[PDB]
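*Asks:* Experimental coordinates for this protein are included below, preceded by the sequence.
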Amino acid sequence: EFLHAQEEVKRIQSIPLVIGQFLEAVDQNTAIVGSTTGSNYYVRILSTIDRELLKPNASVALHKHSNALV
Amino acid sequence: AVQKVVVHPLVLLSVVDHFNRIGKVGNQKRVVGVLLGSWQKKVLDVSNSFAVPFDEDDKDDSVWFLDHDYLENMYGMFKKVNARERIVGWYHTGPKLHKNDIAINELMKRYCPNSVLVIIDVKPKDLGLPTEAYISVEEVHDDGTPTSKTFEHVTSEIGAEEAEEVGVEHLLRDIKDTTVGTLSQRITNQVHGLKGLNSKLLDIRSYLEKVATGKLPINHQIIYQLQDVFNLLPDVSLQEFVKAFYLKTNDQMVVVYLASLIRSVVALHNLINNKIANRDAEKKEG
Amino acid sequence: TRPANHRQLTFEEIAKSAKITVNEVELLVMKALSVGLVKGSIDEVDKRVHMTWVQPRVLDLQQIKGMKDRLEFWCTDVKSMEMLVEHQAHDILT
Amino acid sequence: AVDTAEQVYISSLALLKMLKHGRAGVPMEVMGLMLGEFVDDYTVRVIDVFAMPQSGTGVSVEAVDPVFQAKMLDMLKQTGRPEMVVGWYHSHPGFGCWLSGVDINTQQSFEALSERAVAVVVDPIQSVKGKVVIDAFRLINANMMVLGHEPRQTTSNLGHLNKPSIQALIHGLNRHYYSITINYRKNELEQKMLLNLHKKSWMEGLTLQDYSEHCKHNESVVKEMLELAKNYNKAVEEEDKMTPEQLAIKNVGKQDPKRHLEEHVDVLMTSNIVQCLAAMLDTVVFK
Amino acid sequence: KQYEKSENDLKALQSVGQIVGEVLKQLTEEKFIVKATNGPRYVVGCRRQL
Amino acid sequence: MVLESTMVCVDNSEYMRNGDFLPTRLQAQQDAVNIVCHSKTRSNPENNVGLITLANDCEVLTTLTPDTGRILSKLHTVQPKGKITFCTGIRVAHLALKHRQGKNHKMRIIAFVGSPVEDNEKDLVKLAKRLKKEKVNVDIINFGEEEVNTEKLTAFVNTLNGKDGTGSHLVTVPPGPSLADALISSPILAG
Amino acid sequence: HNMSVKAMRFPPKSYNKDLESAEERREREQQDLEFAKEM
Ligand SMILES: [Zn+2]
């Protein structure tokens, strides 16, 4: 039953995706990005991302409305 | 000439719903319909279908009917709603390969050159993949008739697609033995695959039923392969096939000996990360 | 005629079964390999040949009796080794 | 009146017809008809769906062409069995599900003949496995909006089970239409013959997997697994240090051994145990 | 004919303008990544026929 | 109007091939089919007239459609070459009329035979009592040449309108190549 | 490796309560959503 929701969470990644840039993280599983609309945000993550693929200055993906890491 | 066929689960369901809407006749009806789809890069694709009105009287079973006006306009609509979609051949419900299916194909080859048929299942029980397809080949050849023509089975499987895997995996909700680890292969091909070779061994036993008693045509072109299977039967255990077998067992299990040795120390380290949260937590909280 | 255990005949037996001399049977088998009716290898110092593949011939209702019986106890060998599978790996998957 | 327990039974064939026609022509809003079997005051059943072709370039629901449907309604009538049009659908591409002001007008032309034509929205993009994005709707009279009267007169605790999305709540829900809970009609005539036919491996596990390269790949992992254990000969050594909650934030830049080191052990086992076992069943079965 | 041309405008008023962008690279067969002439960079798909 | 479905069974057998009839045997029977499908259309717009054969290959040449343009297009260079096979000609004529959109129509077939038949008279009377239990009235009109005083066709129509059928006829062929418009003027005037 | 599992699951204890999110902030989330829908 856990493996049903394990794949179910990735509906958020679907098509209409915008691009920001990683800046730093406050803690575990919550970070700060800066969008290419110019304004910075305090965002949430998606848990399947390997965190150790982050930060040279990492181009990321953001949800177009709720605006968190994708 | 044709590599393989690709069948989607839409058309697989788009026969059985038609078998239910004609299942009220009770006595006898075969579901025969028109198969739609493309074929690109030498791989036969199957996408869409419908079914054509058809009847059959038992006495003088060479009188079939395909209402071609129903074949024209409904494909004219489907080409209009989807120009990418086109004809690919035909199909029939195929319990046991009825007799009209030698010239149903020749009736409607004026639309598709390689007019392929598809035999489906209406009562699902087997240990395999109950979707059959043939191909049309003819011969002015060896012994039977001056005009000879016999279907030959091309390999068949159920092809997937990204859009339908959402719907296919939604409609199951019953059992799906995923999480491929050390035991997905054990059951998809080691429990089942050995019993896969069961019915392939048992199939040539069914041809073997003619030793002196069965049907009157005997062999001519069936035994050159069977003479080769016992000839190409693999090498016996006398050579360094003994020695090179123990060679790799003394190589493959070394990696297993190293990897299992690693797994102990990892979980031993995880024990220490749990004694750091037991003894250093009772004095603080209580 | 020889079984699949050896099928390894010598040149002296060819000189017996075809009454042809030693200095021509090497020319005889290279013609047989070139036409393609046999596929094997040729030794020269041990005076033997390792024939592997032969041309398939026809047969009557007596050679199917051998192919019935050599097939038949090979059926239960598939039964016997798979009997270990569903009985030892049974609790791995219901 | 209606009892807000309207319980739309659909099908198994139509959902595949809905998503295929919604995905192949995706960014233009496509539409079609719903040819089902109407039942009582409470429920409705839609078993068959045929798609309607478009009119021109542009995202619209343009209009129905009754030349097309009248020939289509008697097309399968002479072949299969009679049914009757119980509704219609369109497809929002990547929105969600609501009735737009363009969507509501072509609905209002269809509720004139029968008062129970269902407006259905499918979304073939926000759907992955256990999501098929759905929730068909149906209009409510704006006459009762002026009266300030709340419709649909709840007699069962079956309607208020799903919670509507806030983005659909921005639109005309719930001031012009309502949601309807649905389930699916599954049956063993279809259930078994799609399970046992989708992913069946034929003779793959009865192979040896490139026998010179499997033991070559058995070193292609182990060599860097040495140095990845040197990191595991490193990261444990800077413990009894700054309070390993701090060793959670700080390790988001560079790779860790401990998770990566139990990773390859699973890989270096199932690649070996499956391949070593399959070699030793070929020796018995093949002579 | 005076109702013909004025019927052309009856359905010409339903076309929608289109954002003019520019293709930056290509991730997969369907994952494209663009930047409009407005501003921000997007991740985008296509039609299956284009 | 009255509910029927007119189905003509054309004759592409190999004995209808000569030039004894004045335009052609093919064209004179075609325009006879044309003026009677104009007769069945203008008395009732619901009737459609398609054509079938009774040759070795009982082909649906043109589908049963209210259009006649496919009928006019196929009957040019139609190749009337083939051994006649009438023993399957009933089964292709009857089972076609059960594939129709309406079974409440009067099952009516006309059948054109212009070739010597090699049927068994016992096989057709088993097919006649098959049609007795299927309630089918077929008026067979003889064309071309045949066994004169047509053999096995008197006993078939007699065993067609038996058991209170009594409405069918058998228009036989006159063995003279005259103009065939007045030959078929009797079924167009009355039944 | 089994014994390092079988002697490891004893200090799981006092996992006191998996909190979903809130009572109050959930209600404040609902009020904020109702404000946006009215807007
Ligand atoms: Zn819409």
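*Replies:* Received it, and whenever you're ready, just let me know what you need. Residues are numbered from 1 along each chain as shown, chains lettered A, B, ... in the order given.
*Asks:* May I have the secondary structure class of residue F:141?
*Replies:* strand (DSSP: H, G, I helix; E, B strand; the rest coil).
*Asks:* My understanding was that it contacts residue F:188; is that so?
*Replies:* No: using CB atoms under 8 Å, residue F:141 is not in contact with residue F:188, being 10.9 Å away. In short, each C-beta sits where N, CA and C put it, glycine included.
*Asks:* out of the two, which sits in the busier spot?
*Replies:* Legend: neighbour count by other CB atoms under 10 Å in any protein chain shown for residue F:141 and residue F:188, higher for residue F:141 (21 against 13).
*Asks:* who touches the more buried one in this structure?
*Replies:* By CB atoms under 8 Å, 6 or more residues apart in numbering or on different chains, the residues touching residue F:141 are F:110-112, F:171, F:184, F:187.
*Asks:* Write the ChimeraX selection for whichever of these are buried.
*Replies:* The buried subset of the contacts of residue F:141, as determined by 16 or more other CB atoms under 10 Å in any protein chain shown, is captured in ChimeraX by this line:
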select /F:110,111,112,171,184
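*Asks:* out of the contacts of residue F:141, who's near chain C?
*Replies:* Applying CB under 8 Å from any CB of the partner chain, the subset of those adjacent to chain C is empty.
*Asks:* So for the helix ranked longest in chain B, what gets flagged as buried?
*Replies:* Counting residues, the longest helix found in chain B (DSSP state H) is helix B:240-275. Within helix B:240-275, the residues that qualify as buried are B:252, B:255, B:259, B:262-263, B:266-267, counting by 16+ other CB under 10 Å.
*Asks:* Give me the neighbour count for whichever residue of chain F sits closest to chain G.
*Replies:* Closest contact between chain F and chain G, by CB to the nearest CB, is at residue F:101 (53.8 Å). Neighbours of residue F:101 under the rule other CB under 10 Å: 15.
*Asks:* How is the nearest residue to it once chain neighbours are set aside assigned, secondary-structure-wise?
*Replies:* Excluding the flanking residues, the one nearest residue F:101 by CB to CB, 6 or more residues apart in numbering or on different chains is residue D:78, at 4.9 Å. Using three-state DSSP, the structure places residue D:78 in coil.
*Asks:* which residues in the chain form strands?
*Replies:* As the question left the chain open, I've gone with chain A. With DSSP state E as the criterion, chain A has strands at A:17-27, A:30-34, A:40-44, A:59-62.
*Asks:* hmm, I had chain D in mind actually
*Replies:* D:8-9, D:31-37, D:44-48, D:84-91, D:118-122, D:137-139, D:177-179, D:182-183.
*Asks:* when you scan the fifth one, is anything in it near chain A?
*Replies:* It refers to strand D:118-122. No: Strand D:118-122 stays clear of chain A (CB under 8 Å from any CB), getting no nearer than 14.5 Å.
*Asks:* Touching that strand from outside, list them.
*Replies:* With CB under 8 Å, 6+ apart, strand D:118-122 has contacts from D:8, D:18-19, D:22, D:34, D:44, D:46, D:86-92, D:97-99, D:103, D:107, D:132-139, D:177, D:180.
*Asks:* hmm, which of those are the buried ones?
*Replies:* Buried, going by 16+ other CB under 10 Å: D:8, D:18-19, D:22, D:34, D:44, D:46, D:86-92, D:97-99, D:103, D:107, D:132-139, D:177, D:180, out of these.
*Asks:* isn't residue F:49 right up against residue F:41?
*Replies:* Yes: contact criterion CB under 8 Å: residue F:49 and residue F:41 qualify, at 7.4 Å.
*Asks:* out of those two, which sits in the more crowded spot?
*Replies:* Higher neighbour count among residue F:49 and residue F:41: residue F:49, with 24 against 16, using other CB under 10 Å.
*Asks:* does that one sit in a helix, a strand or a coil?
*Replies:* Recorded secondary structure, residue F:49: coil (three-state DSSP).
*Asks:* ok now do it, which residues does it touch?
*Replies:* So residue F:49 contacts F:6-8, F:33, F:37, F:40-41, F:64, F:66, F:68, F:71 (CB under 8 Å, 6+ apart).
*Asks:* mind redoing it with 6 Å?
*Replies:* F:6, F:37 (CB atoms under 6 Å, 6 or more residues apart in numbering or on different chains).
*Asks:* Not counting sequence-adjacent ones, nearest residue to residue 67?
*Replies:* If you meant another chain, say so; for now it's chain A. In space, residue A:67 is closest to residue A:41, 5.7 Å off (CB to CB, 6+ apart).
*Asks:* that answer is for a different chain, and I need it for chain B
*Replies:* In space, residue B:67 is closest to residue B:53, 5.2 Å off (CB to CB, 6+ apart).
*Asks:* likewise residue F:44?
*Replies:* Nearest non-adjacent residue to residue F:44, counting by CB to CB, 6+ apart: residue F:1, 4.1 Å away.
*Asks:* try residue B:95
*Replies:* Leaving aside its chain neighbours, residue B:95 sits nearest to residue B:122 (7.2 Å; criterion: CB to CB, 6+ apart).
*Asks:* The one you found contacts residue B:19, correct?
*Replies:* Yes: at 5.5 Å, residue B:122 counts as touching residue B:19 under the criterion of CB atoms under 6 Å.
*Asks:* Name the residues of the longest helix anywhere in chain G that are buried.
*Replies:* In chain G, taking DSSP H as the definition, the longest helix is helix G:24-38. Neighbour-count burial for helix G:24-38, counted by 16+ other CB under 10 Å, picks out no residue.
*Asks:* is any part of that helix close to chain A?
*Replies:* No: with CB under 6 Å from any CB of the partner chain as the criterion, chain A is not reached by helix G:24-38; the gap is at least 11.6 Å.
*Asks:* Against which helices or strands is that helix packed?
*Replies:* Secondary-structure packing of helix G:24-38 (3 or more CB pairs under 6 Å, 6 or more residues apart in numbering or on different chains; DSSP states H and E): helix D:166-170.
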